[PDB]
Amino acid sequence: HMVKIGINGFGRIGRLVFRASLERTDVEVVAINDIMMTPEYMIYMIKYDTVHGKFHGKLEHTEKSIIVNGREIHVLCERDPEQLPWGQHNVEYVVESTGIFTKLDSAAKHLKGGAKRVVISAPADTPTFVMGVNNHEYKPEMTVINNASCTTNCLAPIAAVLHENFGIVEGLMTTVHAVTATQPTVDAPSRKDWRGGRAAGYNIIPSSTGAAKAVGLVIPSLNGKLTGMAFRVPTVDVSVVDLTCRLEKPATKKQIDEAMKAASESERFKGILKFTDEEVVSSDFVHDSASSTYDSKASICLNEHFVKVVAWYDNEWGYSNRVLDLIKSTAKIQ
């Protein structure tokens, strides 16, 4: 009946995918692997959250399990995903959220232990999906997929509405992004992203992202039409997309607002793309499960063909919820 899930990497995304799994009855986490955590430590990690507040529910552990609201969840213990006995616990989907196995060569190792399918919680050299955008393109032969990046999940629904209604001639994207675990507290090594090693809480930090190019993977007609970059800034969670586009068809501000609003009420995007015309700031989206919230009042245009659209996203919570949505969506496809 329920889709049984294992989590590899019980981190920000792993633990919030876990929390979200507790709030819906169609999906459940039955096993967790994190080589940095014992069951008693996992319980501590679940219980308290700087961003998303305290867990409310019963938490206990055994030597090899945690017990959440009276339900046993098996705690595995292997550094090497090839050694994880997912099959022993009837795990159908593994959420690959360590941040270190985002290549197909790595993520596929979960299959060896009998997981049926893997969702990588990051861009990867695998089929890429964004709920509301291309999740219906999933094919049952695909055993390893990814849910793209948080930024892609914010941008793609916005781009979809813009392109469908007005046509994106070309776009340049900036995302102003909260800190994440990849950044250090002080100036420290980060050999693949130099700027990314600078003290996270005390700098605006340019970062590369592939989100805007990536949108061509989920909206093929936008391939080659977007590119972008990022600034990491000192906030603990919630990020924002700043998408500057030339549009083919003229759009009044009212027409863009109305298209976003319509989209947010549509079957396709309900709960994924949201709308606001209020005077919001980033903390207002903490624990908002949208992939994207269009900010009517912050979005501007120079003229009817050149616009800057602003869209908010809880990079932790929205994405985690989308991971579960993608598991549910694709699980019906056998």
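One-based numbering along the sequence shown.
Comparing 59 to 67 with 31 to 39, the higher mean C-alpha B-factor in the PDB entry belongs to 59 to 67. In this entry, 191 to 199 has the higher mean Cα B-factor, the comparison being between 191 to 199 and 172 to 180. Across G228, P123, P220, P234, the entry's maximum B-factor at the CA atom is seen for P220. By the numbers in the PDB entry, the CA B factor is greatest at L104 among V240, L104, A148, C245. Per the PDB record, residue ranking by Cα B-factor puts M260 in the middle third of the chain. Ranked by C-alpha B-factor against the other modelled residues of its chain, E92 falls in the middle third. Among all modelled residues in this chain, the alpha-carbon of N135 has a temperature factor (C-alpha) in the middle third. Per-chain ranking of the deposited C-alpha B factor places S266 in the highest third.
Sort the modelled residues of the chain by CA B factor and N153 lands in the lowest third.
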